[PDB]
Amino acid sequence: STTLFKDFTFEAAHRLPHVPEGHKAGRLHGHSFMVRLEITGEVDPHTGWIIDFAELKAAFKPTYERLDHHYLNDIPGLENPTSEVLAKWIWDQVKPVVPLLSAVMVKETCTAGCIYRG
């Protein structure tokens, strides 16, 4: 048994609709968002891996393309695009494709983030 992870960065705009009126997050802004997908499972004795890192990247690509260079709030389910909401939303998009998914981390900035484990 082991864990594997792969990291991705996407460039997007968002705003938080439910913060108080003068809160900076309530203004239209953006971030270089980092996403880490983590899987946990058994290592195949012939391949020597769980799945190819490239399969994890390929599995994310359709979701990446929806998020990257986009305004998140216009995506159904991301009307309140906090890191927490986004981590769970990503889990829900990728879990069908990556059944070994064990954690999704979203970082809005280099110093803050959240980790969702479904």
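Numbers follow the displayed sequence, beginning with 1.
Stretch comparison (76-84 versus 43-51) by mean CA B-factor in the PDB entry places 43-51 on top. Residues shown: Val104, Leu16, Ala13, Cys110. Highest C-alpha temperature factor in the entry: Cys110. Among all modelled residues in this chain, the alpha-carbon of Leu56 has a temperature factor (C-alpha) in the middle third. Ranked against the other modelled residues of its chain, the C-alpha B-factor of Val98 as given in the entry falls in the highest third.
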